[PDB]
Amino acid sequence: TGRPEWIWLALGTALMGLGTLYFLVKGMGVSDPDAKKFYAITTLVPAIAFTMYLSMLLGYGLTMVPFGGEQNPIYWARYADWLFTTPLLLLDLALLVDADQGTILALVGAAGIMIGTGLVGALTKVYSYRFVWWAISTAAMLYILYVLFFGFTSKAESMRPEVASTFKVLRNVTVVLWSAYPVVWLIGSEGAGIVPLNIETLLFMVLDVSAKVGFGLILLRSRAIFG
């Protein structure tokens, strides 16, 4: 096939793969129980992303949805990735500030809606309805970010400054990266179709790699992960 976005798919596969192995090797050396906990969640994140970037690289996770008078290329393998990677990143942040079980359940549920309605939207054939679903997904995301900024940050204050300060960074990198996804979807292939797929794939890999491997490096190199 040789689609124009494959080079970006091959770069995301490489970065995710390398990041997985570094975390894995660093994780099986640590003896601390809590550290092990964080290491196992943070290594699984880029491991799932790697398998999906690799599948997309190989021609899977791609479907042609009809709307706007075109046969539009929608990479659904992405939501198969995010359906398990977003709630896992939320768990890393939840365990860090000692969030409650109700909070975690509500954040994971919200994340499920966000990705579910997102895909339903990327698959919808009525152009205007694609944006109705997009709208609900975004509203779910704003709920998650609100909790992370108002809820979590507040409970991270019962932690030590080292733990509170690591959370602020992970919390900030998350608020900045996550807010970007809905905009890329809106002006990209799933939405307006203003930004071409090849460029769109490049934006997503920079966001995906930063949000997982970038997030993992910051978190796993900190002492806040220790029991």
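Start at 1 and count along the sequence shown; that's the residue number.
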Exercise. Select between 85 to 93 and 99 to 107 the stretch whose C-alpha atoms have the higher average B-factor in the entry.
Key: 99 to 107
Quiz item: On average, are the C-alpha B-factors higher in 36 to 44 or in 160 to 168?
Solution: 160 to 168
Quiz item: Among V176, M56, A49, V30, where is the Cα temperature factor highest, going by the PDB entry?
Solution: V30
Practice problem: Comparing against every modelled residue in the chain, figure out the third that the C-alpha B-factor of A77 lands in (lowest, middle or highest). | Solution: highest
Self-check item: Within-chain third of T138 by Cα B-factor, per the entry
Solution: lowest
Practice problem: Using the B-factors in the PDB entry, rank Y127's C-alpha atom against the chain and give the third, lowest, middle or highest. | Solution: middle
Quiz item: Which third of the chain does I187 land in by C-alpha B-factor: lowest, middle or highest?
Solution: lowest
Quiz item: Thinking about Cα B factors across the chain, which third does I199 belong to?
Solution: middle
